[PDB]
Structures are given as C-alpha cells and as structure tokens.
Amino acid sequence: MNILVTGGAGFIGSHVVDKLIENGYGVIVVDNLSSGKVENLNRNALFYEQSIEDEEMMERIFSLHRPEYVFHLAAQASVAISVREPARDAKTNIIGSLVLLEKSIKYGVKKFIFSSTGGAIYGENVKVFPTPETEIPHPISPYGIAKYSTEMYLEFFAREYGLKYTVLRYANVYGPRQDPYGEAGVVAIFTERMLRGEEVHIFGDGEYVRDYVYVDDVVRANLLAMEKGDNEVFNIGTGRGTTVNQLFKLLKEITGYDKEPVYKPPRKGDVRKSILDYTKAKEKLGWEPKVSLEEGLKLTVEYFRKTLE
C-alpha cells in the first residue's frame, strides 16, 4: 500500500514517515525543504523535493503512485511568519492543501489525514477548559485562519466527492527533531539554551498556559486515524496545562541549569491559556497520551545532548 506524507522532512512529519516505514508501508514524501531538513529523511522512503502548490508536479506524483492515504503535514508552521507574510502563508496552508485535495479526488485517495491546530483555532476568549471540539472556532492569526479555512474545505470535499478525512488539532507538540533555531517552540529553545548555558528569556509574566504533547503520541494519533474517526475533527493534546514558568523549572531541574530566567516584554498575539479536551479522541480513536510531560522532557533533553557531542 502506498502512502503520501507531505512535510515528511519536518519535525512531526519525519516521525510519521519512520513509523509508516517501520510498519511496512510504501511511503512517498513531498517536502520543499523550506523548514525541513535533509537529515530527517528516511532512506527507505521515496523523496520528492517539490512544493505542494505545484499543480503539475502534484499531478505527476499522484498519477504515478496513487496513494491510498495522504498524511498532510506540510505547512508554513510558524505563527510569527504567518503574521509577517499572510499571503505567502496562505499559499502554502490553503492553496497547497486545495491542490492536494484536488489530486486526492482525481486519483482515488481513500482518506486524507490533516494536521491542524488547537491553540490557534479556538481563539482568545475561550471559557471552557479543557476545551472541547464543540467550541466554535475564532482564529485571530493568519496561521489559525488558514488552518480553519482548510478544515472547512475538507468538509466540502467529503460532501461533494465522498472523500473521507480526519482533522487532528494538535496542542503544543515537542520532542526530538524540533528545531531550536529560527521560529522554534519553547521546549526546543529552552532545552538548547540551557544545555549551552546561555541566557533564557520568558515573555511577559510567564503565566501563559499551554498543553504540551509529546511527538510520539501525536504520531500514534495519526496512525489511529487511518481506520477510525472518519469525517471527524479531534483535539490531540494532554488536557494538562503548564505555565511557561513551570516549564522553565522542569527543564532547569533536568538540565542542571543554574541561572534565573530573564523576563522580557510580552509577545504580541499570545493567547493567555490553551488546554485541550481529548475525550473525543479517546472515545473514537482509542487515543490517549502515553508519555507524561516529565518523561517527554527527559527524552527531549537527551536527544539534544547527543546533538551537542
């Protein structure tokens, strides 16, 4: 069976590729290496260094390999970049998705499994925590609007053509291969700076709450979505909130870092609190996180240590 993984050279996508390869699937990867890395690629997967919004190239790849599933992880994944360049962001995030969906219909894809976002979708005025999928989306960033627009297009493709899909709205994903450089998640930034004994910055008062979910658990969610959760949207998170202050403390203890954090002005656009309810994923996908935050942070620090040897 052939499987297409877009964004397979990236943080989450490369782990998805590895797992599919391990389970015996034929895997085809599309990635333009805008943020992904050649080192992340699996030598057993077929690789196309190409862009998802390239209609002729996507036409060619789908016609050759007729993937039965598409795992769509390719995205402009930085919120800050989406703010600075919203048209370019939407070209990858919306138009890119629509090209893949057009080819998926044309070439008989059975199911499209889309990586979406929990944090950038529910908006800034949520009152129910942990937050369920029944909360109406109010995205405020271009990234969140693009992800939400694409989820709506998925429902269109299901209604019009009978394409099955699953949307996975991730919380804050962290772990090995997350890039600590550029537009990085705080786990990777903190871990790398602490190991190097560099200064660590906390924005605003550090009381921002997030739901940190380990990359291996997110990969398992993707695989469970192959045969379950048809035409459903799921939060993929832990339902546990952690402030940036608490996170710094955990990582400081693990790394043996011995400096205080430097408090900096608050970051524009930061939602105050994000925690996801995963009851639905538990009931319909049989999904639950297996790696606690403390276990996950230790694994993460361990991977980064090896990079520094």
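Quick note: we count residues from 1 along the sequence shown, nothing fancier.
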{"property": "Mean C-alpha temperature factor, higher of 176-184 and 76-84", "result": "176-184"}
{"property": "Entry-level comparison of average CA B-factors, 190-198 and 149-157, reporting the higher stretch", "result": "190-198"}
{"property": "Candidate set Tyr122, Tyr212, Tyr143, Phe114 [ranked by C-alpha B-factor, highest]", "result": "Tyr122"}
{"property": "Residue, from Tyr257, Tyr48, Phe62, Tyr69, that the PDB entry assigns the highest Cα B-factor", "result": "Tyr257"}
{"property": "CA B-factor placement of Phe129, once the chain's modelled residues are sorted into thirds", "result": "highest"}
{"property": "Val167, C-alpha B-factor rank within chain (lowest, middle or highest third)", "result": "lowest"}
{"property": "For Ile136, the third of its chain into which the C-alpha B factor falls", "result": "highest"}
{"property": "Chain third (lowest, middle, highest) by recorded CA B-factor, residue given as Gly13", "result": "lowest"}
{"property": "Lowest, middle or highest third - CA B-factor, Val29", "result": "lowest"}
